Structure formats: C-alpha cells, structure tokens
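Okay, so here's the structure we're looking at.
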Amino acid sequence: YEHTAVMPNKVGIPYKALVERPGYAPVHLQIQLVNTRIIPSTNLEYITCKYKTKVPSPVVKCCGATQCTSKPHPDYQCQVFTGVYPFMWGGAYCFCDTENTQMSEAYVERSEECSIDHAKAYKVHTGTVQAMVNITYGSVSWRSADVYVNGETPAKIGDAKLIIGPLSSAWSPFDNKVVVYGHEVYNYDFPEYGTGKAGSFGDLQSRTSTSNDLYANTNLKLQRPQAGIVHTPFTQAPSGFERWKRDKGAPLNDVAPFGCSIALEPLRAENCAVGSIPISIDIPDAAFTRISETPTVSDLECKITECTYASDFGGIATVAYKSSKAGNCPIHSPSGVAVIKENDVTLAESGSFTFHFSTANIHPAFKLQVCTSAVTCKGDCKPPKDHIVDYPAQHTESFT
Amino acid sequence: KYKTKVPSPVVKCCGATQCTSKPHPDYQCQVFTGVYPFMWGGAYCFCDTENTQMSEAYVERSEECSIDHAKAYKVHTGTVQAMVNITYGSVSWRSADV
Amino acid sequence: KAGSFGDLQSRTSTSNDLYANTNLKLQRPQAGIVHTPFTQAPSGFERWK
Amino acid sequence: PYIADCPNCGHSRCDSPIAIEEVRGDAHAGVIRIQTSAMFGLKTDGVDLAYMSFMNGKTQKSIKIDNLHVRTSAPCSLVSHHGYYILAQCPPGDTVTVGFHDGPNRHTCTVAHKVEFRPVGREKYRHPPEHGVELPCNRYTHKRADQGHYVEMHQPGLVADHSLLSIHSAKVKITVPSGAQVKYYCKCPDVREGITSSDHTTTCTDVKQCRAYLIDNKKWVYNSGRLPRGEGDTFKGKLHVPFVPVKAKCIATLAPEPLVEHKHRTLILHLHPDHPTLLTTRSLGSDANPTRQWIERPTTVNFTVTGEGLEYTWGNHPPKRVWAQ
C-alpha cells in the first residue's frame, strides 16, 4: 500500500489522494505542501559595502622631504607633496616656504555599516529543497512535519513514513552568481572578489566582515592640499555600494519566474510552484480500517446541482447515497478534473449528502470514488463573475 | 555506533505496570510478568506470577560518536584552489592561494 | 536499516534527536533474576570498520 | 558503590558489587573502559584514589585496592580508576573477567563481551609495538579532570535485606540501618507502607512472606540496567565520565619495508610483512584501477604501472609513488 503519487509542486492547497489498498477500507490523503523552501548550496565569496576613506593624519615635515612607503593597508594611497605653507592656528608654522613638505596618506577601510548594511555575493549551486508538509491524515487528522525532496528520505513525524521527490523541475530561481542585501536578493553577475572596478559594484571586496584584508579598487587618488593649509584631498569614487542602492536592479522576489519568495535566512526561495513531485508514503496499517466495517455505498446516484466552472469550491453535487451500514466514507475523484473540499462524508442508512468541488471542463465527467464505489457525476457548469483574490484550488486546466 | 544505555527497569511486585512509549530515540519498552527477581536476598517480591518487570531501553549516541564517527554528505561541485608558486621572471617569488 | 550502515543517524553530535533503527528487541529476564535482555544488532558503524 | 547481579560470578549468577556493565572494547590502544557497579577511588569520605570501596552488606567497605584483577583471555593491565569506572589495557578476548581480592575471598565478576584491538593503520596487528609511526588513534585518557560527557546517575531504588527481618520470639521483626527508610508489609494484613524505625509484625510470622526493603537514598547510584528503579522520582545526580575517548596518537604500527624490483612498466615486489597488511594502490590515470589485499603471507606481487604513475601503500608506512615510463 506504499502509495506512490506524482504530485504537482504548488504550495497552498491540499492534494487529497486516496489509498486504494486491496483488502481493507481505503483512506484519503490530504497533502498540503505548505512550503517549498529551497536552500541551495552556496558560498560566501565576499561581503561588500561602502568604503570609508579613514585618512591617517598626514605628515608635515617643515624643511625637506619625507619619502613615503607603501604600507600594507588596503588600497594604501600615499603621495608625498612639497610646496606648502600650512596655516594651522597661528598662520603657517613651518618656517621654510618650498621645503615645507606634506605627506598625505589614505587607505580604504570597511565602514561601520559594512558589518550590518552590506551587500553579499555568493556562488550558488543547487542544494536540496524542503517543506513543512501538513497532512491532516485519514482519521489521524494531524502531522505538520519538515521534510526533504531527495527521493529516499523519510520523515517519521506523526505516524506515517513519507518519501518525496526528487522533483523534476530543477529551476533554481537563483542564478549561479547572486548578490544579497538585507532581504532583497539580486541574481547579479557580481564581478568577483579581488577585481571590482572602482565605482562599479564591489569596489570594496572583503571576504567577510572580520576579514582585515580586502580588495579596494576605489581609484583613491590623493591631491595636494591648497594654498598652504592642512587638509587631505582624497579624490575617490563614491562606492559601488552607494550606487547599487539607487541605480540597482530589482529583486528576485520581485522578478523571479515560476513563483518564489525569498529570505535573508538560510537563503531559501520559498513556495516555488513548478512541476511535479513523485511522492510516496507508507501509512501505518493500524490507521487503516478493514473493509468489512465501512458501509458499502453502491446502488447510489450522483448529480451536480449548481456546478461553478471555477477555482473556489463552487461546484456542488448531491449524491443519493445507498449505504449498507452507517458511518463515514472517504471520497475522492481519481480523475484530476474535479478537486473536492470534503475528504470524508458521514452517512446514515442510505441518505444523501452534497459535497463541494471545483473543475475546469464545461462538462465535468469525473468519477467519484465514495469508499469503493465509483460514479460519474456528469453535468454542466457556470462561469463566475468576481475574480480578484489569491490562488486557486482547481489547478487542473486541460483541454476542454 | 549506538550505546544501549538501558534505563533501569521497573519491578512491581504484585500486579502490572503498563509501559508508555517515551520519546527517547528507539525507545523500546516491554512489560513482563512471571518473574521472581533474585536481588541480594534471594527474591524480594513476595508474589510469584504477579511479580512484574518492565524493561525499557533506548538508543543513544556513544561517547565515541562525538569523536569517532562516520559522517555522510550530499556533495555538489564547489570551486577548486591552489597555492600557485611563481618564481617569476626576475621577481623570483610569489606563493599565493588562488 | 538496522545492522546496515547508519543504524544510528544523528544530524550532528549535539542533536539529541536521531533515527535509531537498531531492531532493539527486549526479552524477558531469565529465571527470576534482575537484568535486561537487550537483543540488538551491533552497529552498522561497527561493521563499516 | 552499587551492587548488581554479575552473570557468571565464579560459579554462576551472584550479586557482586563489581558487577560489570558497559564494556567498551571500542578503542584501539589495547584499552577497555569498564564500569563496575562498585565505586572505587577515594574512600567513603575524602582520601586517596588508590583505595577501594565496594558494598559488603548494605554497607560500603572503603579500604585498599591491594589485588585488583581485570582480565580477559590473558591478564589485563590496569590503567586508572575513577568513580565507578576503570580503564585497563587488555588484549583481545571473547569475554571480560574482572575481580579484586578482599583478602578472605577471591570475589570476582565476569561477563561476555566481544573484544578486539585493531591498531589504526593498514597493518592488522594483534598488539601495540614499541616502535613505528604515530598516527591518530582513538583511546581513553589516564586522567580524571574530565567533563566531556556525563551520564545520568540518580537514586537507587530499594534493595532486599532479609538480615533485617529477624523474629520477635513469635513475630517477624524488622529493624533499620541507621534510621533508614524500610518499606514494609507481609502477605497477611499488617503495617502497609513502612517508613519507620525498627517495627515488629503483628500479623504474619514467616520471614519469607514480608517486605525487607531499604529506601536508603542518601547516596545516588549509576543507572545500571541491573538496578531496580527508585519509583518515586528522577532525582538529580548528573555525573561526569572520566575516561572520555580522546584523539591520542598511539605509538603505532609499521610494516617492514618492501623489496622494490624493476621490470618493464611493472613492479615486481617480493614482500614479507610482520602481520596482515592491507596493501593498496591507485593507478593515477582517470582509469583508477585500484587494488586491495590484506597480506600476511609473504608474497611476490605485481603491478602493471602505466606511463603517468602509480602509488603504493605498504601499510601505514607512507604512500610511495613511481615513474614507470
């Protein structure tokens, strides 16, 4: 009875399949893939952020030169300068007039915002998708368990053992190269660590926040201070993190395909509705009811009464139930034409009980399996009027 | 490797002690009757069939699990590296990780 | 599967939860004496070494 | 010092204080960590790890360790004791067999446990040598200043002691150790709980139909499978393990060097080990074509080396490499 089932990847709607175990009473499913969070394999390549030209205070030798050296600070720009007369609080102070030397030095450093407000590149591989699958199973009526997709993983949470996927729809909405910012995720071809052109994205490129080493192509060019005054002309491109916040591109949670949402959290891409998942469950046999205890319902009749050719469960149909005992009777349309809101219907001794459903074909000729009794609920449906609210329960469009 | 770190069984002397399925990993527990448990004074429970013994055992990580342990992985492709030396030209040295 | 590799399956070392298919089956102690027959497959980590 | 039911206690199943649980022949260094139900170490009070406290009666006996014997197929070597627990260097053995000598009696305890000692390495010795390479074995410590794990150690349950149930010249007479809590009634109807000093028994007469119990939970125990539960509660008493398995580099194995012999793109190797040695290779083409074989019998072998190279692993001796153009 290990109920294999191909199953559409779509998040917010149950998939009430039916266990046709030969010998005992069938049992309905209710498989709602409440989430499709993905979490691909990734690598933190480098944080970037806007620089801060945290200038070390220049040297001023008063009569003669002060040769600079290339200190190992990131992008340590330093250039000796002569021909000053530095006004500092008493007019000038160095008594020479051309031998007055000024050595300006400036290096690039991570902002304090780099720790917290920072873009973040990644080389993104495929990884392994997940889900908090609820099944309000059978008469169990509950399990809300986190699972995987790889087609040999069980998750014995509740009582049922369930194996999912691998899904066929391998579209990772993440591209190979991704930039990430706070919550807005950008599938951007970041240039690389160690290379980013100044002004362009990644002018600062630190491996992480702690990493004292980095790559700072900022085109930081010191110029001589003017007219014998102490200061430090640092001529520099404002960061490619400054832009990339107001001349950027749009976020993947606003431009992705096939229906995904995003988080700066394990780097999941939630709820990506695409393709199918070959899902298979091993039910606990204890949860089964033996066949000789559920009422046999045959010699019945089914008919629509007001079929709504729609998404919400507007389709209805009375069923002239013709039972033997009285009790519950799980139901399902093995044809995917009709999706039913009721998993189970209570029965007195051969009464009648309408259920709700939804279809996509004008003439819904769908079988209905009322606990081992098939029936065609043939009829005709009506279009609605009022179509602006969230996503459907029908999801069965085909040739009609 | 596991360690069957048995919790010490219950012994009710006259009548049953129903076990419950505690949430320990692989919590195996089975009530047993029909004992007469010799414990340091001969037996001690004065009944002879109503002497009940409830054995319980769960699985637990060994102390070696922390240190001597296999380790599975789902392995993707990633990105290869190298400490490329170039004793270049007349530069004659760089030993860098790339 | 018990005996096979991964009879014990813990996510990590800290993880108190795990999966232990060891086929651990207790048997009744013998002849009115205190002890605990635990009948069990030695691990699929014992083999695999 | 807990007392439990040893399985083949010289004759048969006694109740030894040194009842052996949790045999661990899982390391490599000839060592086993064992738990006696007896807590040797310091005395009852405060002194000298190298003394010896087991249970005799309801009572301890915190005295000298004089003549401990762990043993297996051969007599083992003690390594160190701490708490309930002893580490001892043993050879392989189908069983484990423990015992001290109080002085009037042998008073040992023995148990089944599959033991082996593979050293870490591609050499399958039976025993650690004096020399050879060091490499990362698994092994237990000498020491006690240890917290890497802790096992639950809550209370004891009761215990039987029919030395209590004397006779009051016609009635069966219970007493108490020190005011301890004696849980009492008989098959007949008389006092039904028992939380008392020395009681009598109005109704029953026979010692063999009464509850000689000792709720004496002033000191916790190890949670042996051969313990009866203290039914009241999970009392406290989380308590460490001394002998953590650690990443010692055992003084370890080494197999005698090979005899390298040249042929045309072929290594003849007359080979002659000390012990069964797992040899293996890797033809470094994208065609791996590896080989594995434990070698204990001296054997001239062959290896079709290719153009680009092969490597060669004479046991835990380091891997060799070879140009065969």
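In the structure tokens, chains take letters A, B, ... by order of appearance, with residues numbered from 1 within each chain and ligands from 1 in the order shown.
Near chain A, the residues of chain C that fall inside 12 Å (using only C-alpha atoms) are residues 17, 18, 19, 20 and 21 of chain C.
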Could you take the residues named above and write them with C-alpha atoms, as a PDB file, in the first residue's frame?
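File produced: again03.pdb:
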```pdb
ATOM      1  CA  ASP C  17      17.066  13.678  18.204  1.00  0.00           C
ATOM      2  CA  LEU C  18      18.149  10.964  15.802  1.00  0.00           C
ATOM      3  CA  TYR C  19      16.991   7.870  13.942  1.00  0.00           C
ATOM      4  CA  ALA C  20      17.863   4.555  15.576  1.00  0.00           C
ATOM      5  CA  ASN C  21      16.680   1.579  13.590  1.00  0.00           C
TER       6      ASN C  21
END
```
Legend entry - Interface list for chain C, partner chain D, 9 Å threshold, only C-alpha atoms, as number ranges by chain: C: 33-36, 46
Counting only C-alpha atoms, which residues of chain B come no farther than 8 Å from chain C, as a compact mmCIF listing (two decimals) with N, CA and C atoms, in the first residue's frame?
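iface-v3.txt written:
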```txt
# COMPACT_ATOMS: atom_id res chain seq x y z
N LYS B 1 28.38 4.18 16.39
CA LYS B 1 27.77 3.02 17.00
C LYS B 1 26.93 3.45 18.17
N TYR B 2 25.80 2.77 18.32
CA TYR B 2 24.87 3.05 19.39
C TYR B 2 25.51 2.82 20.74
N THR B 4 23.30 1.05 23.96
CA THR B 4 22.04 0.69 24.59
C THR B 4 22.15 1.04 26.07
N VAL B 6 20.65 1.42 28.85
CA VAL B 6 19.40 0.94 29.43
C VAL B 6 19.01 1.78 30.64
N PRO B 9 15.20 -1.02 34.86
CA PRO B 9 13.81 -1.45 34.74
C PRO B 9 13.03 -1.32 36.03
N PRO B 25 14.99 8.14 21.57
CA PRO B 25 15.21 7.53 20.26
C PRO B 25 15.19 6.01 20.34
N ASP B 26 14.29 5.41 19.56
CA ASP B 26 14.11 3.97 19.54
C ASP B 26 13.80 3.46 20.94
N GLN B 28 12.55 1.37 23.12
CA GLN B 28 11.96 0.05 23.22
C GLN B 28 11.65 -0.24 24.67
N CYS B 29 10.40 -0.59 24.93
CA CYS B 29 9.94 -0.91 26.27
C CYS B 29 8.86 -1.96 26.17
N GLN B 30 8.97 -2.99 27.01
CA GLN B 30 8.02 -4.08 27.01
C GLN B 30 7.83 -4.55 28.44
N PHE B 32 6.84 -7.08 31.36
CA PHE B 32 6.99 -8.51 31.53
C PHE B 32 6.50 -8.91 32.91
N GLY B 34 5.68 -12.72 35.41
CA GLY B 34 6.20 -14.05 35.64
C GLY B 34 7.67 -14.04 35.97
N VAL B 35 8.04 -13.29 37.00
CA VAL B 35 9.40 -13.25 37.49
C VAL B 35 9.40 -13.50 38.99
N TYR B 36 10.58 -13.48 39.57
CA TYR B 36 10.81 -13.81 40.96
C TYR B 36 12.22 -13.31 41.26
N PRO B 37 12.43 -12.01 41.17
CA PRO B 37 13.77 -11.47 40.91
C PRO B 37 14.76 -11.62 42.05
N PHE B 38 15.70 -12.56 41.91
CA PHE B 38 16.77 -12.70 42.88
C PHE B 38 17.61 -11.44 42.92
N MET B 39 17.55 -10.71 44.03
CA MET B 39 18.32 -9.49 44.21
C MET B 39 18.85 -9.47 45.64
N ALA B 43 14.92 -13.80 46.05
CA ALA B 43 13.91 -12.90 45.52
C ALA B 43 13.52 -11.88 46.59
N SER B 55 10.86 -3.73 31.41
CA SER B 55 12.15 -3.40 30.82
C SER B 55 11.97 -2.28 29.81
N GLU B 56 12.89 -1.33 29.83
CA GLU B 56 12.90 -0.23 28.89
C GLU B 56 14.33 0.05 28.48
N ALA B 57 14.52 0.30 27.20
CA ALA B 57 15.84 0.61 26.68
C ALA B 57 15.68 1.49 25.46
N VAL B 59 18.05 3.93 22.51
CA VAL B 59 19.32 4.08 21.83
C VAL B 59 19.85 5.47 22.11
N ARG B 61 23.58 8.03 21.37
CA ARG B 61 24.90 8.22 20.82
C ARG B 61 25.96 7.76 21.81
N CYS B 65 30.73 8.75 19.53
CA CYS B 65 30.01 9.43 18.46
C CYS B 65 30.52 10.85 18.27
N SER B 66 30.94 11.49 19.35
CA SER B 66 31.45 12.85 19.24
C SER B 66 32.72 12.89 18.41
N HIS B 69 33.42 8.79 14.43
CA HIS B 69 32.09 8.81 13.86
C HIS B 69 32.21 8.93 12.35
N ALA B 70 31.45 8.11 11.65
CA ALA B 70 31.31 8.33 10.23
C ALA B 70 30.47 9.58 10.02
```
Enumerate, in order of chain and increasing residue number, the residues of chain A with an atom no farther than 12 Å from chain B, each with its shortest atom pair and distance in Å to one decimal, counting only C-alpha atoms, as CSV.
```
residue,atom,partner,partner_atom,distance
A:40,CA,B:76,CA,10.3
A:41,CA,B:76,CA,7.7
A:42,CA,B:78,CA,8.4
A:43,CA,B:78,CA,8.3
A:44,CA,B:78,CA,11.7
A:45,CA,B:79,CA,10.9
A:122,CA,B:78,CA,11.5
A:123,CA,B:78,CA,8.5
A:124,CA,B:78,CA,9.0
A:125,CA,B:76,CA,7.5
A:126,CA,B:76,CA,8.0
A:127,CA,B:76,CA,7.6
A:128,CA,B:74,CA,9.0
A:150,CA,B:74,CA,10.2
A:156,CA,B:25,CA,11.9
A:157,CA,B:23,CA,11.6
A:176,CA,B:78,CA,11.2
A:193,CA,B:98,CA,11.1
A:194,CA,B:98,CA,10.6
```
Inset, instruction - Can you pull out every residue within 9 Å of range 166-168 of chain A, counting only C-alpha atoms, but drop anything in the same chain fewer than 6 positions away, and send it as a PyMOL selection string? - result: chain A and resi 9+148-152+274-279
Legend entry - Residues of chain D within 10 Å of chain B, only C-alpha atoms counted, as a VMD selection string: chain D and resid 3 to 5 13 to 16 21 to 22 24 26 to 27 57 to 58 137 to 139 148 to 152 156 to 157 159 to 163 186 to 187 208 to 213 222 to 231 241 243 to 247
Export, as a PDB file, in the first residue's frame, the selected residues with C-alpha atoms.
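Resulting contents of result_27.pdb:
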```pdb
ATOM      1  CA  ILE D   3      25.761  -3.754  43.768  1.00  0.00           C
ATOM      2  CA  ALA D   4      24.147  -5.670  40.913  1.00  0.00           C
ATOM      3  CA  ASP D   5      23.841  -9.189  39.525  1.00  0.00           C
ATOM      4  CA  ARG D  13      24.902 -15.521  38.752  1.00  0.00           C
ATOM      5  CA  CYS D  14      25.800 -13.936  42.089  1.00  0.00           C
ATOM      6  CA  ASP D  15      25.224 -10.335  43.140  1.00  0.00           C
ATOM      7  CA  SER D  16      28.696  -8.807  43.034  1.00  0.00           C
ATOM      8  CA  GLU D  21      28.181  -3.340  32.757  1.00  0.00           C
ATOM      9  CA  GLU D  22      29.145  -1.272  29.682  1.00  0.00           C
ATOM     10  CA  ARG D  24      33.781  -0.847  25.705  1.00  0.00           C
ATOM     11  CA  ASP D  26      35.795   0.127  21.017  1.00  0.00           C
ATOM     12  CA  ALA D  27      39.124   1.977  21.157  1.00  0.00           C
ATOM     13  CA  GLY D  57      26.141  -5.907  53.238  1.00  0.00           C
ATOM     14  CA  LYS D  58      24.079  -2.792  52.955  1.00  0.00           C
ATOM     15  CA  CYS D 137      44.196   6.528  17.118  1.00  0.00           C
ATOM     16  CA  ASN D 138      41.153   6.528  19.370  1.00  0.00           C
ATOM     17  CA  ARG D 139      41.886   5.932  23.008  1.00  0.00           C
ATOM     18  CA  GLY D 148      33.428  15.860  28.066  1.00  0.00           C
ATOM     19  CA  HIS D 149      30.357  13.773  28.838  1.00  0.00           C
ATOM     20  CA  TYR D 150      28.178  12.957  31.801  1.00  0.00           C
ATOM     21  CA  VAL D 151      25.816  10.078  32.420  1.00  0.00           C
ATOM     22  CA  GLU D 152      22.646  10.290  34.460  1.00  0.00           C
ATOM     23  CA  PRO D 156      18.896   3.773  43.890  1.00  0.00           C
ATOM     24  CA  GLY D 157      15.651   2.004  44.239  1.00  0.00           C
ATOM     25  CA  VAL D 159      17.149  -3.277  47.912  1.00  0.00           C
ATOM     26  CA  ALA D 160      16.399  -6.522  49.697  1.00  0.00           C
ATOM     27  CA  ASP D 161      17.912  -7.227  53.091  1.00  0.00           C
ATOM     28  CA  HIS D 162      16.378 -10.156  54.952  1.00  0.00           C
ATOM     29  CA  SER D 163      19.023  -9.846  57.637  1.00  0.00           C
ATOM     30  CA  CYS D 186       3.661  -9.001  54.643  1.00  0.00           C
ATOM     31  CA  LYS D 187       1.293 -11.173  52.626  1.00  0.00           C
ATOM     32  CA  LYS D 208       9.615 -15.484  53.707  1.00  0.00           C
ATOM     33  CA  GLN D 209       6.386 -13.513  53.189  1.00  0.00           C
ATOM     34  CA  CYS D 210       7.445  -9.967  54.052  1.00  0.00           C
ATOM     35  CA  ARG D 211       8.902  -6.810  52.519  1.00  0.00           C
ATOM     36  CA  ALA D 212      12.534  -6.421  53.612  1.00  0.00           C
ATOM     37  CA  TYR D 213      13.298  -3.159  51.814  1.00  0.00           C
ATOM     38  CA  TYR D 222      24.768   4.560  38.448  1.00  0.00           C
ATOM     39  CA  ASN D 223      21.647   3.830  36.441  1.00  0.00           C
ATOM     40  CA  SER D 224      22.533   0.235  35.716  1.00  0.00           C
ATOM     41  CA  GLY D 225      20.144  -1.976  33.848  1.00  0.00           C
ATOM     42  CA  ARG D 226      20.637  -4.274  36.832  1.00  0.00           C
ATOM     43  CA  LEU D 227      19.142  -1.629  39.135  1.00  0.00           C
ATOM     44  CA  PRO D 228      15.535  -1.579  40.328  1.00  0.00           C
ATOM     45  CA  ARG D 229      14.000   1.829  39.738  1.00  0.00           C
ATOM     46  CA  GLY D 230      13.550   4.223  42.582  1.00  0.00           C
ATOM     47  CA  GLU D 231       9.870   4.536  41.858  1.00  0.00           C
ATOM     48  CA  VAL D 241      32.521  10.334  32.877  1.00  0.00           C
ATOM     49  CA  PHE D 243      37.529   8.241  30.621  1.00  0.00           C
ATOM     50  CA  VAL D 244      36.477  10.191  27.565  1.00  0.00           C
ATOM     51  CA  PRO D 245      37.625   8.761  24.225  1.00  0.00           C
ATOM     52  CA  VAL D 246      40.318  11.153  23.024  1.00  0.00           C
ATOM     53  CA  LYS D 247      42.382  11.630  19.887  1.00  0.00           C
TER      54      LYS D 247
END
```
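Put simply, CA of residue 48 in chain A is 7.1 Å away from CA of residue 114 in chain A.
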Legend entry - Residues near range 255-262 of chain A, cut-off 6 Å, only C-alpha atoms, skip fewer than 6 positions along chain, as an MDAnalysis selection string: chainID A and resid 269:274
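Interatomic distance, CA of residue 62 in chain D against CA of residue 86 in chain D: 16.5 Å.
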Legend entry - Residue list (strand (DSSP E), DSSP) for range 105-222 of chain A, as a ChimeraX atom specification: /A:105-106,109-110,119-123,134-135,161-163,177-181,184-186,204-206,214-216,221-222
Generate a file of the selected residues that holds C-alpha atoms, formatted as a compact mmCIF listing (two decimals), in the first residue's frame.
```txt
# COMPACT_ATOMS: atom_id res chain seq x y z
CA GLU A 105 48.31 59.01 3.13
CA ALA A 106 44.90 57.40 2.92
CA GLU A 109 38.57 50.57 5.27
CA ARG A 110 35.27 48.85 5.84
CA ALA A 119 25.71 43.52 0.07
CA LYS A 120 26.82 39.92 -0.04
CA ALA A 121 27.90 37.89 -3.04
CA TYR A 122 27.57 34.15 -3.47
CA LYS A 123 28.45 31.36 -5.83
CA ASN A 134 0.93 19.15 6.80
CA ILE A 135 -1.11 16.05 6.42
CA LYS A 161 6.56 7.46 6.69
CA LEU A 162 6.73 9.61 3.58
CA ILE A 163 9.23 9.85 0.74
CA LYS A 177 26.12 34.19 -9.13
CA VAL A 178 23.99 36.10 -6.63
CA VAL A 179 24.27 39.27 -4.61
CA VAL A 180 22.27 39.58 -1.41
CA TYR A 181 21.29 42.66 0.56
CA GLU A 184 16.42 41.96 -1.39
CA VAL A 185 18.24 39.24 -3.29
CA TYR A 186 19.79 40.02 -6.65
CA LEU A 204 35.32 47.24 -1.69
CA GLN A 205 35.53 43.47 -1.51
CA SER A 206 36.07 41.90 1.89
CA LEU A 214 40.18 43.05 1.30
CA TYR A 215 40.30 44.42 -2.24
CA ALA A 216 39.68 48.16 -2.57
CA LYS A 221 43.88 59.48 -5.68
CA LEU A 222 45.21 62.00 -3.21
```
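Close contacts of residue 95 in chain D, defined as residues with an atom at most 6 Å away when counting only C-alpha atoms, with chain neighbours fewer than 6 positions off set aside, comprise residues 72, 111, 112 and 113 of chain D.
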Can I get the selected residues back with N, CA and C atoms, as a PDB file, in the first residue's frame?
```
ATOM      1  N   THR D  72      41.052 -10.965  30.734  1.00  0.00           N
ATOM      2  CA  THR D  72      40.392 -11.443  29.535  1.00  0.00           C
ATOM      3  C   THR D  72      41.088 -12.753  29.234  1.00  0.00           C
ATOM      4  N   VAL D 111      32.022 -11.538  32.616  1.00  0.00           N
ATOM      5  CA  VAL D 111      30.992 -11.107  31.679  1.00  0.00           C
ATOM      6  C   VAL D 111      31.423 -11.456  30.269  1.00  0.00           C
ATOM      7  N   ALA D 112      30.449 -11.577  29.380  1.00  0.00           N
ATOM      8  CA  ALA D 112      30.697 -11.704  27.958  1.00  0.00           C
ATOM      9  C   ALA D 112      30.838 -10.333  27.321  1.00  0.00           C
ATOM     10  N   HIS D 113      31.832 -10.200  26.451  1.00  0.00           N
ATOM     11  CA  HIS D 113      31.908  -9.065  25.550  1.00  0.00           C
ATOM     12  C   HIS D 113      32.944  -9.317  24.469  1.00  0.00           C
TER      13      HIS D 113
END
```
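The two atoms in question, CA of residue 85 in chain D and CA of residue 237 in chain D, are spaced 16.3 Å apart.
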Contacts of range 88-102 of chain A at 6 Å or less, counting only C-alpha atoms, minus same-chain residues fewer than 6 places along, as a PDB file with N, CA and C atoms, in the first residue's frame?
```pdb
ATOM      1  N   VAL A  59      51.665  63.593   7.458  1.00  0.00           N
ATOM      2  CA  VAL A  59      52.905  64.142   7.978  1.00  0.00           C
ATOM      3  C   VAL A  59      53.151  65.487   7.326  1.00  0.00           C
ATOM      4  N   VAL A  60      53.760  66.377   8.096  1.00  0.00           N
ATOM      5  CA  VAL A  60      54.198  67.669   7.600  1.00  0.00           C
ATOM      6  C   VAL A  60      55.603  67.902   8.116  1.00  0.00           C
ATOM      7  N   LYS A  61      56.590  67.585   7.296  1.00  0.00           N
ATOM      8  CA  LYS A  61      57.957  67.972   7.585  1.00  0.00           C
ATOM      9  C   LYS A  61      58.177  69.392   7.094  1.00  0.00           C
ATOM     10  N   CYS A  62      58.831  70.196   7.923  1.00  0.00           N
ATOM     11  CA  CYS A  62      58.842  71.632   7.700  1.00  0.00           C
ATOM     12  C   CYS A  62      59.918  72.079   6.729  1.00  0.00           C
ATOM     13  N   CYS A  63      61.057  71.397   6.682  1.00  0.00           N
ATOM     14  CA  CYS A  63      62.140  71.801   5.787  1.00  0.00           C
ATOM     15  C   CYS A  63      62.797  70.532   5.257  1.00  0.00           C
ATOM     16  N   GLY A  64      62.299  70.066   4.122  1.00  0.00           N
ATOM     17  CA  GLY A  64      62.850  68.938   3.405  1.00  0.00           C
ATOM     18  C   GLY A  64      61.846  67.813   3.272  1.00  0.00           C
ATOM     19  N   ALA A  65      62.267  66.788   2.543  1.00  0.00           N
ATOM     20  CA  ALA A  65      61.351  65.768   2.066  1.00  0.00           C
ATOM     21  C   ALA A  65      61.113  64.691   3.116  1.00  0.00           C
ATOM     22  N   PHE A  81      54.068  65.362  -0.903  1.00  0.00           N
ATOM     23  CA  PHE A  81      53.829  66.652  -1.523  1.00  0.00           C
ATOM     24  C   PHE A  81      54.714  67.697  -0.879  1.00  0.00           C
ATOM     25  N   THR A  82      55.218  68.599  -1.704  1.00  0.00           N
ATOM     26  CA  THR A  82      56.001  69.736  -1.260  1.00  0.00           C
ATOM     27  C   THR A  82      55.252  71.013  -1.619  1.00  0.00           C
TER      28      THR A  82
END
```
Inset, instruction - For residue 101 in chain D, please output as an MDAnalysis selection string all residues within 10 Å (counting only C-alpha atoms; exclusion window: fewer than 2 positions along the same chain). - result: chainID D and resid 65:69 99 103:108
